[PDB]
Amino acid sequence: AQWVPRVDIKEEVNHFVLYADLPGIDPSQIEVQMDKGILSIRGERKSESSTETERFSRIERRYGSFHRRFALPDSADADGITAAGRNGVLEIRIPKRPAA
């Protein structure tokens, strides 16, 4: 089961903010990149369930690699991205470029 971590994306006055539910991963293990106007998050989650699988009486948490990409408007400035994580939410801030 491909892990597709859920993301909300918001456009604020000076930023886009992407919030990504990435439970079970240290924020430092999530690869955030943005190239060509497309914000990418990529990483891998191990799950306790792939060890002693037969001991689990229920398994549904998704894990494994994920890689999601989000085209953002041209206003998004790839070079200013910051990301901080807490309680497995990675919150990525993408500043907007000043208007042309």
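Note that residue numbering begins at 1 and tracks the sequence as displayed.
Asker: Of the two stretches 16-24 and 76-84, which shows the higher Cα B-factor on average in the entry?
Answerer: Between 76-84 and 16-24, it is 76-84 that shows the higher mean C-alpha B-factor.
Asker: Going by the mean C-alpha B-factor recorded in the entry, which is higher: 25-33 or 52-60?
Answerer: Mean B over CA atoms: larger for 25-33.
Asker: Using the temperature factors of the C-alpha atoms in this entry, rank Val7 within its chain: lowest, middle or highest third.
Answerer: Bottom third by C-alpha B-factor.
Asker: Among the modelled residues of its chain, does the C-alpha B-factor of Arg45 lie in the lowest, middle or highest third?
Answerer: Answer is middle: the recorded C-alpha B-factor places it there.
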